[PDB]
Amino acid sequence: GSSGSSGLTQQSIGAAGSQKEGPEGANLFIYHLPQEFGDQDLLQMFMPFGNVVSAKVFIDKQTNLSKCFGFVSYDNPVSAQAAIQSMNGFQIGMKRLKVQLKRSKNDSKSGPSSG
């Protein structure tokens, strides 16, 4: 049990497998993940930095493998910024993770002002 070859259960109302998000700036995208990491492995990796609202790993529809990237979101922006400052550059085997804020449109400002 615990997984399907053609779908999944309605249990994505929790954190792992979920696609909700918290307040603006509490929303993270994570890259260079292991091919064995699922939505619960990304959740357990990001729990140490505060109250996680959602955690997700994206899946390739031709192989059913993870795309080596995911999403995470918190109840507060400070819990999220603490995860960027702890996990961006984290070595896992022979490579390093990258973590960034959610990219989107802007109008009250011309860009992120740093990079």
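Residues numbered from 1 in each chain as written, not as in the entry; some residues may be left out. Heavy atoms only, no water.

- Identification of the chain as CUG-BP- and ETR-3-like factor 1 from Homo sapiens is taken from the PDB entry.
- The deposited entry bears the title "Refinement of RNA binding domain 3 in CUG triplet repeat RNA-binding protein 1".

1. Section: the packing of aromatic side chains
The relation between two aromatic rings is expressed through the spacing of the ring centres and the mutual angle of the planes.
And step 1. For the coordinates displayed, the defined rule picks out 4 aromatic pairs.
And step 2. Aromatic pair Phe29 and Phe71: ring centres 4.9 Å apart, planes at 55°, arrangement tilted. One end of the pair, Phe29, is in strand β1 (residues 27–31); the other, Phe71, is in strand β3 (residues 66–74), and 42 residues separate them in sequence.
And step 3. On the accessibility criterion, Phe29 (22% relative accessible area) is partly exposed.
And step 4. Ring centres of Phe58 and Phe69 lie 5.5 Å apart, and the angle between their planes is 40°; on these two criteria the pair is classed as tilted. Pair noted here: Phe58 is in strand β2 (residues 52–59) and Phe69 is in strand β3, with a separation of 11 residues, a long-range link.
And step 5. On the accessibility criterion, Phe58 (24% relative accessible area) is partly exposed. (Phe/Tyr/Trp six-rings, centres within 6.5 Å; stacked < 30°, edge-to-face > 60°. Helix = DSSP H or I, 4+ residues; strand = E, 2+ residues; numbered from the N terminus. Buried < 20%, exposed > 50% of the residue type's maximum accessible area, 1.4 Å probe, protein only.)

2. Concerning the nonpolar core
Note on soluble globular proteins: their nonpolar side chains tend to be buried together.
And step 1. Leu28, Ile30, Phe46, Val52, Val72 and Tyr74 are the most contacted members of the largest nonpolar core, which totals 23 residues.
And step 2. Elements represented by at least two residues in this core include exactly β1, α1 (39–46), β2, β3 and α2 (77–87).
And step 3. In this view, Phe46 contacts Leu28, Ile30, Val52, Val72, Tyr74, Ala83, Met87 and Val99; residues no more than four positions away in its chain are not counted. (Core = buried A, V, L, I, M, F, W, Y, C linked by side-chain atoms within 4.5 Å. Contact = heavy atoms within 4.5 Å.)

3. Focus: the sheet that holds β1
Two orientations exist for strands paired in a sheet by backbone hydrogen bonds: parallel and antiparallel.
And step 1. The 4 strands lie next to each other as β2-β3-β1-β4, forming an open sheet whose pairing is antiparallel. Two strands bound the open sheet, and with one partner strand each, they are β2 and β4 (98–101). The sheet shows a mean angle of 20° between the axes of neighbouring strands, direction not considered.
And step 2. Bridging between β2 and β3 involves 6 bridges; their strand directions are antiparallel. Opposite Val52, over in β3, you have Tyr74 as the bridge partner. (Pairing = 2+ DSSP bridges. Axes fitted to C-alpha atoms, helices over the stretch in contact; angles between N-to-C directions.)

4. Quick look at α1
And step 1. What α1 keeps buried is the set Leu42, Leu43, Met45 and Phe46. On an axial view of α1, the arc spanned by its buried residues comes to 165°, and they lie on one face. Looking at α1, the residues exposed on the side facing more than 90 degrees away from the buried face are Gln40 and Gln44.
And step 2. Those residues of α1 hidden inside the fold are in contact with β1, β2, β3, α2 and β4. (Arc of directions from axis to C-beta.)

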